[PDB]
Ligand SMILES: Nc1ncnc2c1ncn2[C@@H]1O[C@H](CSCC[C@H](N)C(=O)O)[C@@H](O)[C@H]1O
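Take a look at this single chain, the form deposited without this ligand, given in structure tokens.
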């Protein structure tokens, strides 16, 4: 696995490794990551004491913000031990009377009632055979007035891209191979209908779709600039091969968000 010490060289202090939201053009990376979390959590209409489930909680940045700003009980799920350990430690260091727990557990095994669900860039890594099952389970554990904010990457097919004046280049195919054949996201993404049609089949209404395509291009630019500035320490923690691979991933994904080849969006999902 890639060490937390490597990610610490280019992530902001929230340890959020998903698309930020530069709500104001002059926000720092940290302010834009908190704005992204707040943007999602505001759509859930949280009241203090509600229980929020975070599917794919990462290193705990969103849950920590959820407790601190919104005063909710939180459950975070992750299958990554490095993610679980940091989430566990950070939530315990919060001074709160609320429940704040991280679990080394997949959503497929989680069956408690919660009031609201949020998920940042976990869905686009699910198997397509689990798309509907995820929304059926999400629907089932939410109350009658429950809400879910699904933040997810998705891709476009050749024909839609052509209608938008975009074509995939040989360079784009070589990058697509490098994704699947290495350890990075973006390979085998869902389409937008994969999200919308399965969510609606499970009974959800799509209240709102907010695209963040160019916010991700800026986020990836910032991670790449941070990593370049810390290149020597990055190579010491890992290796030159890993540094160059990460730099190829970050700049290559930023380029393809700017070109419009893929997208990222927050789907406000109601019952």
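Numbering follows the first chain given and starts at 1.
One more form of this protein should be noted, the form deposited with this ligand bound, which is absent from this view; the next part is about it.
- Relative to this ligand in the deposited complex, residues 176, 182 and 186 are all farther than 4.5 Å at every heavy atom.
- Exactly one of the stretches 124 to 132, 192 to 200, 94 to 102, 138 to 146 approaches this ligand in the deposited complex with heavy atoms within 4.5 Å, and it is 124 to 132.
- Among the residues 220, 55, 34, 67, the one placing a heavy atom within 4.5 Å of this ligand in the deposited complex is 55.
- Residue in contact with this ligand in the deposited complex (any heavy atom within 4.5 Å), chosen from 169, 113, 80, 164: 80.
- Though the partner is left out of this view, residue 18 does reach within 4.5 Å of this ligand in the deposited complex, counting heavy atoms only.
- Though the partner is left out of this view, residue 71 does not reach within 4.5 Å of this ligand in the deposited complex, counting heavy atoms only.
- Of the heavy atoms in residue 89, none are within 4.5 Å of this ligand in the deposited complex.
- Among residues of the shown chain, residue 157 is not one whose heavy atoms approach this ligand to within 4.5 Å in the deposited complex.
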